[PDB]
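# A structural walkthrough
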Amino acid sequence: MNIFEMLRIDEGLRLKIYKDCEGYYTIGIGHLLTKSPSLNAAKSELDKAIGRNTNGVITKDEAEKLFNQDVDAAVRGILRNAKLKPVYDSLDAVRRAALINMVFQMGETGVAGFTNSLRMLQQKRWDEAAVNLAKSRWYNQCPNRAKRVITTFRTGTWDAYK
Ligand SMILES: [Cl-]
């Protein structure tokens, strides 16, 4: 198991615009198109991202290109961020994958504000960190996924995905 397989399990593959937990317009393997309620606004973003008139439908390779870009942008965002980097440096390989997962899903900024959990992860307090992560809009809104990501931080194995 590796970060790409993990994310492909968490987000799934959809070749048509759809809405995420949060009613936000998405495509492919979790690619966020926009927060506007406008679908026309989404389709516009999509064509821009793809480079062609897509009419809201993409191919599987197109989805894969977007996913590769997004995982790359998440990792780089962690490494540049003052609050996220030291946490990442302190973690083992499985836990690192889980932090990449969070950033991909909610962005740099959003993960950066989970101040208390980040400190607990840094300090290797796994059980407390799992309890704290569960008290968030994130988990209440989208519980299944949150669950897997949280277990992953809890045990340091790929069991929730196996
Ligand atoms: Cl809560």
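Residues numbered from 1 in each chain as written, not as in the entry; some residues may be left out. Heavy atoms only, no water.

What the entry reports as its method is X-ray crystallography, with 1.7 Å given for the resolution.

As a further point, take the packing of aromatic side chains. Taken as a whole, this structure holds 4 aromatic pairs when the rule is applied. Here the aromatic rings of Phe67 and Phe104 are separated by 6.1 Å at their centres, their planes lie at 85 degrees, and the arrangement is edge-to-face. Of this pair, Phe67 sits in helix α3 (residues 60-79) while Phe104 sits in helix α5 (residues 93-112), placing them 37 residues apart in sequence. Of the two residues examined, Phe67 and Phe104, each falls in the buried class. (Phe/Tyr/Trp six-rings, centres within 6.5 Å; stacked < 30°, edge-to-face > 60°. Helix = DSSP H or I, 4+ residues; strand = E, 2+ residues; numbered from the N terminus. Buried < 20%, exposed > 50% of the residue type's maximum accessible area, 1.4 Å probe, protein only.)

Glancing now at the pairing of strand β1 (residues 14-19). Two elements, β1 and strand β2 (residues 25-28), share 3 bridges in a ladder whose sense is antiparallel. Of the residues in β2, the one forming a bridge with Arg14 is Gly28. Where β1 hands over to β2, the hairpin turn is made up of 5 residues, of which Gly23 adopts a positive phi near 55 degrees. (Pairing = 2+ DSSP bridges.)

The UniProt record marks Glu11 and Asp20 with the feature "active site", using the residue numbering of this structure. Set against the largest pocket, the annotated residues that line it come down to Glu11 and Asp20. Topologically, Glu11 is positioned in helix α1 (residues 3-11). Residues within four places of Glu11 in sequence aside, it is in contact with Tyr18, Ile29, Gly30, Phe104 and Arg145. Here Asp20 is to be found in the loop between β1 and β2. (UniProt positions renumbered as here; feature names shortened; annotations may be inferred. 1 Å grid on protein atoms, 1.4 Å probe; cavity = no way out; pocket = protein on both sides within 12 Å on 5 of 7 lines; lining within 4 Å. Contact = heavy atoms within 4.5 Å.)

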